[PDB]
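Take a look at the structure set out below.
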Amino acid sequence: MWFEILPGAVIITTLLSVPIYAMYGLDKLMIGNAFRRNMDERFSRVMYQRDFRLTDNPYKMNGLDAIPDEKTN
Amino acid sequence: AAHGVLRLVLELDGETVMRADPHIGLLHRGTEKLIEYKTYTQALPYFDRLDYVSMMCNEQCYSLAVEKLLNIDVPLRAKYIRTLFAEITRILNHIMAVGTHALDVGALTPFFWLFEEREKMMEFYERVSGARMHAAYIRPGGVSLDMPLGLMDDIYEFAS
Amino acid sequence: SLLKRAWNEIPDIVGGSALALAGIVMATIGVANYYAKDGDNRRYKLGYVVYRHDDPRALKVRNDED
Amino acid sequence: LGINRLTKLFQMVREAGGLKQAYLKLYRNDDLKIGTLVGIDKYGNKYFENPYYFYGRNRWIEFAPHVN
Amino acid sequence: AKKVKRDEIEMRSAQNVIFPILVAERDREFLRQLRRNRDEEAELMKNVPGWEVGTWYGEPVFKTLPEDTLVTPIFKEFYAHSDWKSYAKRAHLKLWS
Amino acid sequence: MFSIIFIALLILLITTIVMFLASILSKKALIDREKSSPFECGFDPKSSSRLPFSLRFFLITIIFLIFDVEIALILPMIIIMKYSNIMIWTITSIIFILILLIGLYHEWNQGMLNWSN
Amino acid sequence: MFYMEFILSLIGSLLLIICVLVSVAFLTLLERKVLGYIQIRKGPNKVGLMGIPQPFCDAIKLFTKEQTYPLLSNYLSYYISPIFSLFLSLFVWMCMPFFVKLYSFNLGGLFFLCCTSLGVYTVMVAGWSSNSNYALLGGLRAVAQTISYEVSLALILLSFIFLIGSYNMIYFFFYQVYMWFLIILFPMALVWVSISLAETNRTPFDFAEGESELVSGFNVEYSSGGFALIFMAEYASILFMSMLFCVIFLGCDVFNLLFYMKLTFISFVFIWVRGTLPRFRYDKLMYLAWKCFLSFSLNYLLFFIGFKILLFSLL
Amino acid sequence: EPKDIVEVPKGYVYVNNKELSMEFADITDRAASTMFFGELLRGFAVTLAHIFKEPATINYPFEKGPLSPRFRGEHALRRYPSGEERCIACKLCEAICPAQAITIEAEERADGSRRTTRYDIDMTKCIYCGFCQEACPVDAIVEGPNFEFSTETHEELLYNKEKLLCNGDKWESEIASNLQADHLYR
Amino acid sequence: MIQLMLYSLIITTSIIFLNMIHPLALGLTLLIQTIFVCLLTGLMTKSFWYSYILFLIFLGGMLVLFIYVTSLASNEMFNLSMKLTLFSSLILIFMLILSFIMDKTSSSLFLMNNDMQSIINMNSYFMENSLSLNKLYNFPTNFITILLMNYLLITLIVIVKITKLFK
Ligand code: SF4
Ligand code: SF4
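Protein chains in written order, with our numbering: chain A, 8 to 80; chain B, 8 to 167; chain C, 8 to 73; chain D, 468 to 535; chain E, 34 to 130; chain F, 284 to 400; chain G, 722 to 1036; chain H, 172 to 357; chain I, 23 to 189.
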């Protein structure tokens, strides 16, 4: 019989699965999205600046409603 | 890999071994003197202790010595049993050597797989003599005792 | 002789060597194929490239699909 | 997968006496097997044999319960 | 690899579309901030031996440049009247302050 | 980066705290003259035992450095390959590796690792 | 917002640290069980329920066991190396790839080379602190093994690096989006197993700690708490290489359980070697390092460099 | 098969006379074996396979054994079916005992019977050889089958007659079984 | 703050360096110095590429020689002095509080990290090492790399000529 080994491997693979799902859950709950905007590139960083400056929370994205409601002319 | 006993005083340069002085004698148990003080029958197990990996072959050596002095001969059935167990010990010893050697090099799996089968053979020694190792089964007038019935067959499957 | 001798002694090196010769040949094929299309008026340009009309680069811009 | 093996598990686990009476047996003996009551000892022990297993496993003992 | 090149180029093509809008909203703040930055350089050295805004006590920092040549101030100068909180907010963004 | 720096400092502090904690959790024993000797299979250690430094291990590590630096030279090929001129990048890189092989194969015929000692 | 970013980054690092530590400590059982069945043994099934709490049991023993510190004044220097080794074996994890941003860590391959390099200093000073010729030979043999293999390790990396077109590890996922990458670079996988196995000092390349040749190599003069840290450090190392094998060759599918199935299988494969192979000699390994692997890696470098040139030609 | 390299007569088998061919199929075979570690793959798959064999560990102390009726273990001084001591102090057991682990002092009990006063065995000198029981003329002393007699103190091992008699009483049933099995055969 | 703290740590270790005389203690001191200098140059650079590089060459491989041949050990281990440590801690702290005091900006370098470049710069939106390491391979400044590799080849010819004195 070989189920004998399954307890271990099942436990290890479980523990190593945790952290990502921990990261996902903590993100989608405690930010508003599951993914934190990656900032490897200059353009990503400046866009991050642009977002972070428009509102304190980049992840609290501003939809198209942020456009001025109208121009009289 | 030093048998637990051996003590090599080595002088090395780099990693190579230049002078290798082995100090045999970390085990010496004054067995020549003790053998002298006791009787031939009493002296018999001493030989089984010596080269303890070879159980029966050691005894057969001593028993042949006495038989040559006493000018005696054993019956065929005793000869065949001696021959049988001489070779069973041969398989035991060579497993021991191979298994120890495999660990010397660092392979565990061979040693364990063979030491499974070493258990079956020792059980056979246990069946005939009553001791796992260190039987007293070979004696000057032939083997100490007859064999239990069916031990022939069990030997057959084990060899099988 | 030497042929089987090496292929019997150092098989990994013989196999590796044949790999290296393969790579360089196709590498030269790569360079040749590269300059068949002139390889320098590359289809997609890093940054924001702009040309005034009639600029010799502008005259050269590929009008192809990709 | 479970080629009439989960069935055998059901036999030993259920007729043991439930989750508790399978776990405590397992917890104590570090294995759970099926045999027949060869004979009840004078001192509360219970002996079980089953030729299905091999000589190492052929015969075995469940010590007296009061020995925790 | 064709698929990898496919999407990367799409990023770069979407990339170029966006960029001018950032530059446009960038220029206004640069000129706005420079106006203010010169104002303070004027208003802080009111009582200084010979201070001359945009120069070092007379002679211009740059001369070969024709007149009405705008030279972007070095980052430190651009932040010459700023706190660390402002300074780090842009400088230490690779490092994620 | 400093996000990395702080995390490493935090880990190292937690690491030393754990080992510091185990140092108090483990029971003490009155010291012994012999309990604190070098282990030599149970027979008295010889004189100082400081190994000779007449050996080759520096020589191997020197081969390491040469190849370790050469590795440094060839690391950036990954990125520049998209930008650099292709002839120069092609030939220049190819002769790097080619010279390495020839150095290696010439050196096998030398066989320098099969030292007499 | 911004401080949301930082708080999570620290939570993830901390959360990963406890998991990787508890995993490797708990993984030790899987070695003991699995090796127990390679050999015809039954392996630990005694403590708890089927030997599950066996590794916790082990830690309790060690931390209770005293610290038989070596000669009088070595206290610190002997107490340093275990810290400075377990630190590397853990902190090396932070570069591992996620789609869920833990870091924007670029140059991840370089960082891999660096951390895998720093193991030499830990083992060497550890032996030096011990001050016992047995421990000292182990360190030197350990140092030579690691240092020799790094040479091949670097060039092997570059083949993958070229094949992905950047040093950012994450691109391994994009390039494996259709078909796994082992089936392209099969020989590299065998070589990479050997390189990884050499780094973590497991057998067949078991010279550093070893047995039956050196008593425990550098480890011989280590008391409990130090020994536990070294022993945990090695297993954090064996897991990480198993992860790196998985992310390179076998899909890099971080957000798919099958990736974690692959982690266990590879770490199992390491054991599967442990109970099968015998050990090498010193010199034969150095032949295998320089005269065999370096040649191998250079050929593929010269092979794939041309291939990507041809690939660039086509597009 | 390749030819030999040394011609062999009977009564021997050379284990290396087989030649390593130079045929191209033969070299390429070996080369492919080294380039892709076929031999390692064979051994690798063996150990995978051999997971699927059931381990042979006895679940000691629950499962246990096997031994044989002749097993030489704990010593015991038997008693007649009436309950009388079998030993008569013939002192052969001491005279033969290779380790000289037996000490005996005998006198006359008030009934006038030849019986022991002190009968001592040191199972830190005994070798469990069984020469004592093979010599005893009335089967007074026997290598009982118990073997889990482990003590925390060395003094506890030196048995005297009282301890030995107790073991005989404790183990009498099993010893009776073995002797019924082996007396006519021993 | 990180930059000037890193100056402070380098200063303190430098004072450690000039005191220590045991070769391991010195070689240990170099090890710390190298991490610190790698950190520092990284901060003022466009990226940490060069920092990773010189780390693995200088420290990772080449300080192995220094420690290894300086494994002379003095024949005995350290007699560590908690006093120079305490002074090291003491000198570090009030340097550190001064670092908290010192002018936030003016006490910083002026070099232009990738972030501290202007947004308009169209060149800055490439791979961080692409444009820096370009002319190490593109003509006519690439032959010098060929000189480097042959220099290293010749270096090995030299080492086997010096390290081969009759043994
Ligand atoms: S041989 Fe038997 S009867 Fe004689 S003294 Fe010994 S135990 Fe008693
Ligand atoms: S078994 Fe042998 S050694 Fe032991 S008491 Fe009997 S005769 Fe003596």
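All C-beta atoms in this analysis are idealised placements derived from N, C-alpha and C, irrespective of residue type, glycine included.
Considering only C-alpha positions, which residue in the set the options is nearest to residue i?
i                     : options                                  : result
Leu979 (chain G)      : A:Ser24, A:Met8, A:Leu71                 : A:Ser24
residue 181 (chain B) : G:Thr837, G:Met845, G:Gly757             : With chain B covering 8 to 167 only, the question about residue 181 (chain B) has no answer from this structure.
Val821 (chain G)      : G:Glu726, G:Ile868, G:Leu1036            : G:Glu726
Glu245 (chain H)      : H:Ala277, H:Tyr356, H:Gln351, H:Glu343   : H:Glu343
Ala109 (chain B)      : B:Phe122, B:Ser136, B:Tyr47              : B:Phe122
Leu748 (chain G)      : G:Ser810, G:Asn827, G:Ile738, G:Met953   : G:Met953
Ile377 (chain F)      : G:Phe812, G:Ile1026, G:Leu828, G:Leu1032 : G:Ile1026
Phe894 (chain G)      : G:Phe966, G:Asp927, G:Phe1014            : G:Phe966
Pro359 (chain F)      : I:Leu40, I:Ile89, I:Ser154, I:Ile168     : I:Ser154
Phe223 (chain H)      : G:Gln775, G:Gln760, G:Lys767             : G:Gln760
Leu736 (chain G)      : F:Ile294, F:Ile300, F:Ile288, F:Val301   : F:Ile294
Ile43 (chain I)       : I:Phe122, I:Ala95, I:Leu133              : I:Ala95
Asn535 (chain D)      : D:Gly506, D:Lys487, D:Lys509, D:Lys492   : D:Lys492
Is the closest heavy atom of ligand 2 to the C-beta of residue i under 7 Å?
i                : result
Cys300 (chain H) : yes
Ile307 (chain F) : no
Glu66 (chain B)  : no
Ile959 (chain G) : no
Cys268 (chain H) : yes
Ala919 (chain G) : no
Looking at the unbroken alpha helix (DSSP H) that takes in residue i, where does it start and where does it end?
i                : result
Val505 (chain D) : Looking at the DSSP string, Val505 (chain D) is not in any alpha helix (DSSP H); the run it does join, the beta strand (DSSP E), is 503-507.
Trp849 (chain G) : 829-851
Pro803 (chain G) : 796-812
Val81 (chain B)  : From DSSP, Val81 (chain B) is part of no alpha helix (DSSP H); its letter is neither H nor E.
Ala355 (chain F) : 340-357
Can you round the beta-carbon distance between residue i and residue j to whole angstroms, since I take them to be within the 8 Å contact cut?
i                : j                : result
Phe883 (chain G) : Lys782 (chain G) : The pair is not a contact, with the Cβ atoms about 49 Å apart (cut-off 8 Å).
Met46 (chain A)  : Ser825 (chain G) : 5 Å
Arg243 (chain H) : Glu314 (chain H) : 4 Å
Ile24 (chain I)  : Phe285 (chain F) : 5 Å
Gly502 (chain D) : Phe515 (chain D) : 3 Å
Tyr90 (chain I)  : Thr344 (chain F) : 7 Å
Consider the C-beta atom of residue i and the heavy atoms of ligand 1; say whether any pair is separated by less than 7 Å.
i                : result
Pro308 (chain H) : yes
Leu350 (chain H) : no
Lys332 (chain H) : no
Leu336 (chain H) : no
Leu15 (chain B)  : no
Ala247 (chain H) : no
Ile259 (chain H) : yes
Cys324 (chain F) : no
The beta strand (DSSP E) with residue i in it runs from where to where?
i                : result
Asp40 (chain E)  : Run containing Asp40 (chain E): none in the beta strand (DSSP E); it sits in the alpha helix (DSSP H), 35-77.
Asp20 (chain B)  : 15-20
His246 (chain H) : 246-248
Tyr388 (chain F) : Note, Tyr388 (chain F): premise wrong, no beta strand (DSSP E); alpha helix (DSSP H) at 369-393.
Show which residues of chain J have a CB atom less than 8 Å away from the CB atom of residue i.
i                : result
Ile761 (chain G) : Of the chains in the structure shown, none is chain J; the protein chains are A, B, C, D, E, F, G, H and I.
(Q) Quick check: the stretch 29-46 of chain B against the stretch 345-353 of chain F, are at least 3 beta-carbon pairs closer than 8 Å? (A) no
Q. Can you find at least 3 beta carbon pairs, one from the stretch 778-795 of chain G and one from the stretch 313-328 of chain F, that sit closer than 8 Å?
A. yes
Q | contact_flag[the stretch 866-886 of chain G, the stretch 912-923 of chain G] where n(CB pairs < 8 Å) is 3 or more | A | yes
Q) Counting Cβ pairs, one atom from each stretch, are 3 or more of them under 8 Å apart for the stretch 232-239 of chain H and the stretch 518-533 of chain D? A) yes
Q) Can we say the stretch 175-184 of chain H touches the stretch 46-58 of chain C, given the rule of at least three CB pairs closer than 8 Å? A) no
Q. Taking one C-beta from the stretch 316-334 of chain H and one from the stretch 60-80 of chain I each time, how about it: are there three or more such pairs within less than 8 Å?
A. no
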